[PDB]
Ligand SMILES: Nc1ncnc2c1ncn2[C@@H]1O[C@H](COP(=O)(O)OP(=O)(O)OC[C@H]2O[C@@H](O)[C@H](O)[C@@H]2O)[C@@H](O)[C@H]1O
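In the block that follows, a single chain appears as structure tokens, in the form solved without the ligand.
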């Protein structure tokens, strides 16, 4: 499995070294595929900070430049292992990943859904987890839209104007993870 174990981050995984999930000390794990082995980046917190910002799709870390849109780093492919999405576990699970959904506005910036849309990040993330190929109808002001997950775009159904939609996690630094473990 490609999922980071929540029990290992919290009170402890009873499956010890036989767990089917990844055991890492952070809720995220950035890796680069070299040959046939995924290899940990050194400065994961910096990569994560760049990734979580919706207006940042480039991250120069070390010698290599990372492109989040393509999820590659100097040609070589990369990946971000994560803990389960927060909407799939109770609220007590503090180490789950909280995903924010943004749409890019006319002025060029990213706006969180709900900040006015009748859907929010919890709504969209839940729908996406239960169906990743769905289309979500929603309303904002007097306008109506369809949000396509598989295309990750919102479309006004009247004008057919399209706008980009992005899904990114909230950032947590390692020291705050330590605090959470206390």
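Numbering follows the first chain given and starts at 1.
What follows is about the form solved in complex with the ligand, which we do not show.
**Study point:** Location of the ligand contact in the deposited complex, chosen stretch of 43-51, 24-32, 151-159, 65-73 [non-hydrogen atom, 4.5 Å]
**Key:** Careful reading of the contacts points to 151-159.
Check your understanding: in the deposited complex, do 121, 135 and 146 all put a heavy atom within 4.5 Å of the ligand?
Key -> None of them does, since no heavy atom lies within 4.5 Å of the partner.
Point to revise | Heavy atom of residue 140 within 4.5 Å of the ligand in the deposited complex | key: The answer is yes: residue 140 has a heavy atom within 4.5 Å of the ligand.
Practice item. Flag residue 163 as yes or no: does it have a non-hydrogen atom within 4.5 angstroms of any non-hydrogen atom of the ligand in the deposited complex? Key: Yes.
Check your understanding: Does residue 95 reach the ligand in the deposited complex, with heavy atoms at most 4.5 Å apart?
Key -> Heavy-atom contact with the ligand at 4.5 Å: absent for residue 95.
Review point. Using 4.5 Å between non-hydrogen atoms, is residue 99 touching the ligand in the deposited complex?
Key: Because no heavy atom of residue 99 falls inside 4.5 Å of the ligand in the deposited complex, the answer is no.
Point to revise | in the deposited complex: members of 106-120 within 4.5 Å of the ligand, any heavy atom | key: Residues within 4.5 Å: 106, 113, 117.
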